[PDB]
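Please read the structure below before turning to the comments.
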Amino acid sequence: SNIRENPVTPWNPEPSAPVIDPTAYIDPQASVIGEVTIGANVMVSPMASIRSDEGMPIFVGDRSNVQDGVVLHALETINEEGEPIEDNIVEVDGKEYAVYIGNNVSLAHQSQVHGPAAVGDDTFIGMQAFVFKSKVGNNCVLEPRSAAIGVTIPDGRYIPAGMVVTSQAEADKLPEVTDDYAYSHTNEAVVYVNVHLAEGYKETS
Amino acid sequence: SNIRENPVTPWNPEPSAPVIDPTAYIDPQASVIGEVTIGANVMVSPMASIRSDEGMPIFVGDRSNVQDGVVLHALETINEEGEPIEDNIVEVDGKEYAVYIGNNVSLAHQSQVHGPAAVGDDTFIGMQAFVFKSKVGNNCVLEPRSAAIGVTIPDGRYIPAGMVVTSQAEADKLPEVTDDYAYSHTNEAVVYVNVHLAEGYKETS
Amino acid sequence: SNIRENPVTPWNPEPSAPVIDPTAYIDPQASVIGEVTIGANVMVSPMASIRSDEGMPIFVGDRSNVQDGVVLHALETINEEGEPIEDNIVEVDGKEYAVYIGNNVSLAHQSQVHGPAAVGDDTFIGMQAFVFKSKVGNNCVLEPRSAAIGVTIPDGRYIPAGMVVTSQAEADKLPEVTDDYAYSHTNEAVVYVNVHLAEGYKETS
Ligand SMILES: [Zn+2]
Ligand SMILES: [Zn+2]
Ligand SMILES: [Zn+2]
């Protein structure tokens, strides 16, 4: 099966299986392993790998999409001695996650979000982009081939294509999404399409 | 099955199945979905995802290759009201495509060509490279990790490794492929190898 | 089967099947083809593609890991006339390889090592990184999105995130890994985790 439990390890005494909303579509050629929660109307495309086998949950919110070849994974959140590694855990609305993906988020083809990381609602993570040890705000756009490592990206900012942002001083001065910006409406269109694709693919299974 | 029809959606009243030349080899661990035409002697490697589920055809020409982890997908070409979105359609030799890949084209490992896009004959798209909203000419080389977004790349030019080209002014001044250039003969070698691999893998199926 | 022989071609008269240590774990959604040797306690994750179909062996040493979406492949090492192409072969400890990955090496998610290439022991190849026509020394760190093309990386150096190194003059002046460097202990942690994951996943098969 392509939806599987995680294994017993010294930081994982009890295997967990994914919790998947009945309205989500998981492609047969995707892989979803371990302590993962997937929300309503989510589309998970071929060759995506969502792997939660190092402690703590990976959460994917409602009406989000995980496109072809995307990888979600996380650094260890609990060491062998049972002690939580707080640097590798993100907090969102009072709860702890290894990776938190909000609602109406698009993770476009071949992107990767590696824990610890959080991605806020209505954000487009572009093709081949990379997020690691970062919190990306709501209503952001990461253009194709951009990256955020070790930073907080404020709400409503974008990262231009190819830019690798590794310092908070850079992140603070990123440009703002405006109506005339080329990707200002991209995420809403992609979410609309993917919610409809999920329903159509479900009707073929 | 890994060769599948696309689903019924508001922009796709009628499902389409891929049209695949009998001399092409599609690896069992590749995914090919929807309105796709694959030409003669094409090799599609493990973990490639060719997904035509947003309207209009993805075409892969004769003697081309689609290597491991490559993704082909496209933006919507027909909106819900049946109206064609002309910005997201490319025209090649009088016909309309979401993605057009010409003859003798190599799409090397982990690259991505996202529609609207066209790639001309005898072009090497290097490892991890990215093409989106662009027309790449014939006899071009995109070196590994290069990208073309929103531009036309003239025939016989190359993009150096790691360069992300987003303006036409940049694209117009790209260097020319010459006989002494390091990748000048790369595509011909890769095409020769892949046509022979396709035949060898077909003999094991 | 996802563990397969390579095909008969003009440079490969005799098919070879992978040689895999009984303590290694190969995920069912990985692909391993051809003349490949995998060492003890190696973890190969979903969507990895290890493909040795152009002559010469791809070797993955003991306690190494090949994470999700990683690709290993190599340029042709033997031409049609049976003549070895020496430029495309690396030598390590008196033996010839297309790709050599040493012991305790982490190939992180979506990275790629393309032959000819060698990666020395205790090296971290970061997420989305790229190695081609290069020898990477022991105890190195390639940060996420870095690349080494056509160069030798001395022992104990790192490449900062996003940097594409294509000249030996650049490679010679790369910074050194020190105890206070952010990724100085990353590889040891990742190797420890992956050796334990391999054993846990083996207990579920
Ligand atoms: Zn990871
Ligand atoms: Zn797409
Ligand atoms: Zn290759």
Side-chain angles (χ1 to χ4, degrees), chain A residues 43 45 49-54 58 65 67-77 88 98-99 106-117 124 126-127 132 144 186 189-190 193-194 197, chain B residues 43 45 49-54 58 65 67-77 88 98-99 106-117 124 126-127 132 144 186 189-190 193-194 197, chain C residues 43 45 49-54 58 65 67-76 88 98-99 106-117 124 126-127 132 144 186 189-190 193-194 197:
Chain A
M43 168 87 182
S45 291
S49 184
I50 304 175
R51 184 159 65 93
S52 188
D53 55 7
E54 308 204 14
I58 292 185
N65 56 85
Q67 295 178 23
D68 317 62
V70 167
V71 176
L72 304 178
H73 191 243
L75 297 178
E76 187 174 2
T77 50
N88 290 344
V99 175
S106 300
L107 303 182
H109 321 272
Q110 300 175 328
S111 65
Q112 173 176 170
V113 178
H114 199 287
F124 183 78
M127 295 87 174
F132 175 44
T186 296
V190 174
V193 166
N194 278 267
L197 284 174
Chain B
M43 168 87 182
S45 291
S49 184
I50 304 175
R51 184 159 65 93
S52 188
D53 55 7
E54 308 204 14
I58 292 185
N65 56 85
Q67 295 178 23
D68 317 62
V70 167
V71 176
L72 304 178
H73 191 243
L75 297 178
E76 187 174 2
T77 50
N88 290 344
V99 175
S106 300
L107 303 182
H109 321 272
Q110 300 175 328
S111 65
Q112 173 176 170
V113 178
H114 199 287
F124 183 78
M127 295 87 174
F132 175 44
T186 296
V190 174
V193 166
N194 278 267
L197 284 174
Chain C
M43 168 87 182
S45 291
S49 184
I50 304 175
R51 184 159 65 93
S52 188
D53 55 7
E54 308 204 14
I58 292 185
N65 56 85
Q67 295 178 23
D68 317 62
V70 167
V71 176
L72 304 178
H73 191 243
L75 297 178
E76 187 174 2
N88 290 344
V99 175
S106 300
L107 303 182
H109 321 272
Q110 300 175 328
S111 65
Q112 173 176 170
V113 178
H114 199 287
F124 183 78
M127 295 87 174
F132 175 44
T186 296
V190 174
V193 166
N194 278 267
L197 284 174

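First listed ligand is number 1; within each ligand, the first listed atom is number 1. Chain letters run A, B, ... following the sequence lines, proteins first, then strands; residues in each count from 1.
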- Full working for side-chain contact (heavy atoms from CB on, under 4.5 Å) between A:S111 and A:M127: CA-CA 6 Å; A:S111 65; A:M127 295 87 174; over 6 Å; no
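- Listed here is the closest heavy atom pair of B:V190 and B:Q67: CG1-NE2, 3.6 Å.
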- Would you check, one step at a time, whether the test side-chain contact (heavy atoms from CB on, under 4.5 Å) holds for C:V70 with C:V113? CA-CA 8 Å; C:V70 167; C:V113 178; over 6 Å; no
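- Note on the Zn ion (ligand 3): protein N/O/S atoms under 2.8 Å are B:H109 NE2, C:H73 ND1, C:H114 NE2.
- Note: C:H114 and C:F132 have perpendicular aromatic rings, judged against thresholds of 30 and 60 degrees for the angle between ring planes.
- A:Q112 places no side-chain N or O within donor-acceptor distance of the main-chain N or O of C:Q110, the cut-off being under 3.5 Å.
- The closest side-chain donor-acceptor pair between B:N88 and B:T77, if any, does not fall under 3.5 angstrom.
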